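Next comes just one chain, in structure tokens: the form deposited without the ligand.
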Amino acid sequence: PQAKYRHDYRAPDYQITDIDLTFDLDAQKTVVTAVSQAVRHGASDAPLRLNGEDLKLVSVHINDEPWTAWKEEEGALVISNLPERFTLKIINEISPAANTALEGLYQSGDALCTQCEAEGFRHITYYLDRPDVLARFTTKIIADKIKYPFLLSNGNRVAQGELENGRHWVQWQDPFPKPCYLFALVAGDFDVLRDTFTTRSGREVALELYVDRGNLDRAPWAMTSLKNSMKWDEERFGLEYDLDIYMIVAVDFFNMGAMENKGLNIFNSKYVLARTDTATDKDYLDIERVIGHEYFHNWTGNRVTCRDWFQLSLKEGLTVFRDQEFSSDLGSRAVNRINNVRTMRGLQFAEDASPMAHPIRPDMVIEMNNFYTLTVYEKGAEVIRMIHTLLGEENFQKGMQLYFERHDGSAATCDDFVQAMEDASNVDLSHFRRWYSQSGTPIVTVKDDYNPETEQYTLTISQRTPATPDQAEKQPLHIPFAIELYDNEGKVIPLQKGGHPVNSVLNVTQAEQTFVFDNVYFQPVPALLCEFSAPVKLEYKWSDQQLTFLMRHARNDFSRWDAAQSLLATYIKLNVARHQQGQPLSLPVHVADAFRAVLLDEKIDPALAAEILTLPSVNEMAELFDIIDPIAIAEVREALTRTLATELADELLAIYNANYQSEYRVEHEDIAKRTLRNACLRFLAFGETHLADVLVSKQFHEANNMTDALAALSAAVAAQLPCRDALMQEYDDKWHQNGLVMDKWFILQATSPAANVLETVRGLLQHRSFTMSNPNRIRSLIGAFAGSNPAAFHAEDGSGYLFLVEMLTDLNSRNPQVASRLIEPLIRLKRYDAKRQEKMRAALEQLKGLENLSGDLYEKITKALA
């Protein structure tokens, strides 16, 4: 399998302007007829090269003439000797029931549905499967009326009929030209939740949510979120929906979260279905985010699409930024920002230090489905947020307006977007563009000096990005570096120099530079990299007292959390080193005191308190170390939880009780209180055993919502409490028929600290609720073990690696996309000690030798073994 390169992009020799599709649908054999209107742009002697994968070609006609001047090659149908304008007709067969990979046209339970992004449409017919070819689609679907009473595609229904032998048909038309990755088809039997939204200018939109029969009770929150998303995009971005119907279909078998097909989004049911007894606060908020996300793509991805797949972040970074702004505006902006920062520092930084490191606009790709990444999405969004920081809201919106004005109805590039922002705002983004081309995490080092004689404070800021495996050459970036200076009373010191105010977003553009501020009347405590203003590691030699001072006084809640993170990082690193020497946890009294104060502060927002009281995950902890010791990190996390539970026991119980709520509401103030209460509960579970067991068992039994039940169950597992086995059985007995709810329980099994966790996980491959055919089940059991239980995964005997090899051996052939997601923990081997590296390398070498190794795994394995 061959790498493709961004610098090799060239405009297509042929365009397709209009395609008429007919599907004679059947699970075993579907017949596709595709009539395309084509136009030659290249030389008269260039052939038309159509992509196709696993298609049985039936016939090829050019203007209704059976064509002889063609050949099939690996992945292609190459058609020679064509006129300048012509009608291409292809008939071909495919087999939905054989499609275990879930790319193209496949079966999800009894429904048929599609996934075409990135290069899945070529699994349906021979086409110009590239996103710079936009065509007007009409889609006629013919099927068994009893099995498939609903036949859906993009746009509006234009024709319908009934046939003999119990078949019927529906034809759809979408007036907006689209790349084929935005094509969708759905056939099946559903319950349909129907609603309407009226746009600001008066366009009436029919909203239709299709769910499996029996699930209408779980649909209203997703419908509500859709209306919320539509309203927000109008208020914040000035964007309205552009069609007459908005269809969402919830399917149980899906490789990612959801997909923005124009007017017909297809969602993993995990990001649709919610009831208060089945879904947690986090599930509700994730539904909200993902509903929003797909909706936001209607403009940022559909009305303006991607020229080529190396431009993926053009739509993904921007749409993730939008979904974060949506969540943040409707909910707690501080909690959103906190959680997105946790993702960046703990999951994305790790990728940027891995063999799979890439810039947000990649230069080289073997399998494009490997580049739907934390980098492209989350780091992408941080890049867009840097633009927002540099420009301000008003100029940023002017940029958005110019981007759409120039590019509406076309496929564009990352560079076009940056250019729109620069031209609308008059801010120079030439240097800033380097964020698109350079991989790896920059390290920003800050040193300070206060001069009492001149009342001047000097910051000396330096930047470096370490080389990555993809790029030996690194240069300085344009780093927006936001600061605030605090006096001894906690008040903000105005930033100024030579009698003029200085913007608090410093432009850090050199390897090293100095910034000098005047009229600094007291030695400052700085808040540095405010609201994580660039996606960088900060190196500043904080005292513990500066950090606890910021925890009390900083004016943005984010900085209060972030200071607590920096305080904890010191003592996490201490205690991991101690663990490796056989010594127990050591923590200064004044550190415990700082967290006590958070618990007892009656003015602090409980949302903020809850996050300060949520310890960094084992993933975020790992990023503090050059060499990861996953057992020490897991044990230190536990010991720190135990020590805090003991030291703060009375305060924890008092806050736990004070935040009791009898009514359950999916409302932000209530969510915050409950997050704080359950954060207290987690510590209390690790206190004295009898009280822990009683508190946790009683919460599990008395809970009137899954947030509270699951928090108790999760605490019983984590603390290995006496009640654990009974509670886990109770949950299985009640919920085994419900896969989404059982996912939570598989995660708890997979992430258990028990010594026999791997044995239990293997045994669960036979559980009544588990199946290797379902990506959600795979991810919740196997993925969670490998990715979220690094202590067990990285068991010194190598057993975790062997288990993953066995699962990947099946998944490589069944569902390579899922396989490639699951291999990620093994490609991190160079972060581990020599003995672990050796075992992980041997595991990778076994996988490299697989017969029929997928391109998906090949890419990652060869980068890892290099």
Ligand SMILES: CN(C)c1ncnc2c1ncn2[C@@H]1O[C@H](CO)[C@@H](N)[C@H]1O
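A residue's number is simply how far along the shown sequence it sits, counting from 1.
This protein has a second form, the form deposited with the ligand bound, left out of what is shown; the following refers to that one.
A.B. asks: Could you superimpose the pocket C-alphas so that the ligand sits on this ligand-free chain as it does in the bound PDB entry, and then tell me whether the site is open or blocked by the 2.4 Å backbone/C-beta test with a threshold of 3 atoms?
C.D. replies: Here the site is open.
A.B. asks: Want to guess which of 470 to 478, 74 to 82, 377 to 385, 548 to 556 is within 4.5 Å of the ligand in the bound PDB entry, heavy atoms only?
C.D. replies: It is 377 to 385 that comes within 4.5 Å of the partner.
A.B. asks: Is the ligand in the bound PDB entry close enough to 98, 774 and 814 that every residue in that trio has a heavy atom within 4.5 angstroms of it?
C.D. replies: Negative, none of the three is within 4.5 Å.
A.B. asks: Check each of 372, 169, 176, 770 and return the one that places a heavy atom within 4.5 angstroms of the ligand in the bound PDB entry.
C.D. replies: Comparing distances to the ligand in the bound PDB entry, the residue within 4.5 Å is 372.
A.B. asks: Among the candidate residues 505, 223, 91, 347, which is the single one with a non-hydrogen atom no more than 4.5 Å from the ligand in the bound PDB entry?
C.D. replies: If I apply the 4.5 Å criterion carefully, the residue I get is 347.
A.B. asks: Residue 836 versus the ligand, in the bound PDB entry: is there a non-hydrogen atom within 4.5 Å?
C.D. replies: Flag for residue 836 set to no.
A.B. asks: Sequence order please: the residues of 824 to 853 with a heavy atom within 4.5 Å of the ligand in the bound PDB entry.
C.D. replies: Counting only heavy atoms within 4.5 Å of the ligand in the bound PDB entry, the contacting residues of 824 to 853 are 824, 828.
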